[PDB]
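So this first bit is one chain, no partners, the form solved without 5-chloro-1H-indole-2,3-dione (2HQ), shown in structure tokens.
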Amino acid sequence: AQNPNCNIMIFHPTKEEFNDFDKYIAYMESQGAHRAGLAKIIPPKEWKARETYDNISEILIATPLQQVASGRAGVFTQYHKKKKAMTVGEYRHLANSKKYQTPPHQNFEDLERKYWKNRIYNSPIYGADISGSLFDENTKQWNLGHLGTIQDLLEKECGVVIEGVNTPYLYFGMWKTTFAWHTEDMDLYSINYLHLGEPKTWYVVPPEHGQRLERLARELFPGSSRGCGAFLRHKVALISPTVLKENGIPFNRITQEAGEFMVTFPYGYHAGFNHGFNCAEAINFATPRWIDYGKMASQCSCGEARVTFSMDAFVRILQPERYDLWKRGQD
């Protein structure tokens, strides 16, 4: 069995290997990469996403989210308070202000310590989930706006044509902006490219151990767990590495830098934080190996998780017994 300890693997494809996305995902899996839940892909030196980032300041963040925490430093939830719209140039200035800027630090480990110690005492503002793309249309390799769609994959695998579309999202971050513990909608893959700026630290639980994380989460968030049998779908709970180690939960960590891709694999729980002003682009995707995960994915039906148009068909076709209850949650 490849990668039996479920370590995060890092890949350095050549320019020839970077041509065929599906084939390279399948290669990574042949080497055991999925067992970690997360892999890093460093593009060949010949490649670029676009020519420059000098002209992005006028992109609008229509609904910046202030991430307010509740709890204790290692075990907290966050809620998202909506703020007034601002441009990416306005948000960059905000991120660099004395109130929000990254503190002085020695290295990524010192910054990680500072994050876990102090996150809860601040409310950073995240420009998340903005439909759009920063890939040049002429970038032919690993262009996250030109991937095969999940609807087309389901059709290729299962023969059923469905409605829906699949487009990427931009994330503009600052110090301490946080992504809560989650798997993707319908336990899909995700791919995330860090276009510019400061790093993003990730934590991940191997898919084979995801239920251990869920059982901890039910213990640590007992009211939330009573409210919803899949409350990590709400994407609000944080648990620190120290707490995970104290409870024996298997996980790994890695820091993504600008110019690097990360891939999350079906049912790989992940969480993390941004080091400073940055911009990432991410999208979900599927492969043949996903289908069995999609059929078994948990679902939130309490009404909180509220998701995209295109999840309807995935539930309807892969999970027809759950469909009626899930759809009640959506309405």
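Definition used throughout: the rigid core is the maximal C-alpha set that superposes within 1.5 Å between two forms. Just count from 1 along the sequence shown to find any residue number. Residues that one form lacks are left out of the comparison.
Determine, for stretches 205-213 and 77-85, which one has the higher mean CA B-factor as deposited. Higher mean C-alpha B-factor in the PDB entry: 77-85.
Going by the average Cα B-factor in the PDB entry, point out whether 190-198 or 155-163 comes out higher. Between 190-198 and 155-163, it is 155-163.
Kindly indicate the residue among 224, 177, 133, 256 with the greatest C-alpha B-factor in the PDB record. Among 224, 177, 133, 256, the highest C-alpha B-factor in the entry belongs to 224.
Pull the Cα B-factor of residue 10 out of the PDB entry and bin it into the chain's lowest, middle or highest third. Bottom third by C-alpha B-factor.
Grab the CA temperature factor for residue 270 from the record and place it in the lowest, middle or highest third of its chain. Tercile = lowest for this residue's CA B-factor.
Which third of the chain holds residue 25 when residues are ordered by C-alpha B factor: lowest, middle or highest? Its C-alpha B-factor, which the entry lists for residue 25, ranks in the middle third among residues of this chain.
By its CA B factor, does residue 285 count among the lowest, middle or highest third of the modelled residues in the chain? Ranked within chain, residue 285 CA B lands in the lowest tercile.
Within-chain third of residue 97 by Cα B-factor, per the entry: Middle third - that is where residue 97 ends up once the chain's C-alpha B-factors are sorted.
If you look for the form solved in complex with 5-chloro-1H-indole-2,3-dione (2HQ), you will not find it shown, but the lines that follow are about it.
Pocket accessibility after superposing 5-chloro-1H-indole-2,3-dione (2HQ) in the entry with it bound (3+ atoms within 2.4 Å of backbone/C-beta): Pocket blocked on this form.
Does any heavy atom of residue 36 come within 4.5 Å of a heavy atom of 5-chloro-1H-indole-2,3-dione (2HQ) in the entry with it bound? Residue 36 lies outside the contact set for 5-chloro-1H-indole-2,3-dione (2HQ).
Hey, in the entry with it bound, does residue 41 get a heavy atom within 4.5 angstroms of 5-chloro-1H-indole-2,3-dione (2HQ)? Outside the cut-off, so no.
Pull the contact list for 312-327: residues with a heavy atom within 4.5 Å of 5-chloro-1H-indole-2,3-dione (2HQ) in the entry with it bound, in sequence order. 315, 323, 326, in sequence order.
With a 2 Å cutoff on C-alpha displacement after fitting the rigid core, which stretches of 3 or more consecutive residues move between this form and the one not shown? Run 324-328 stands out as the only one displaced between this form and the one not shown - at least 3 residues long.
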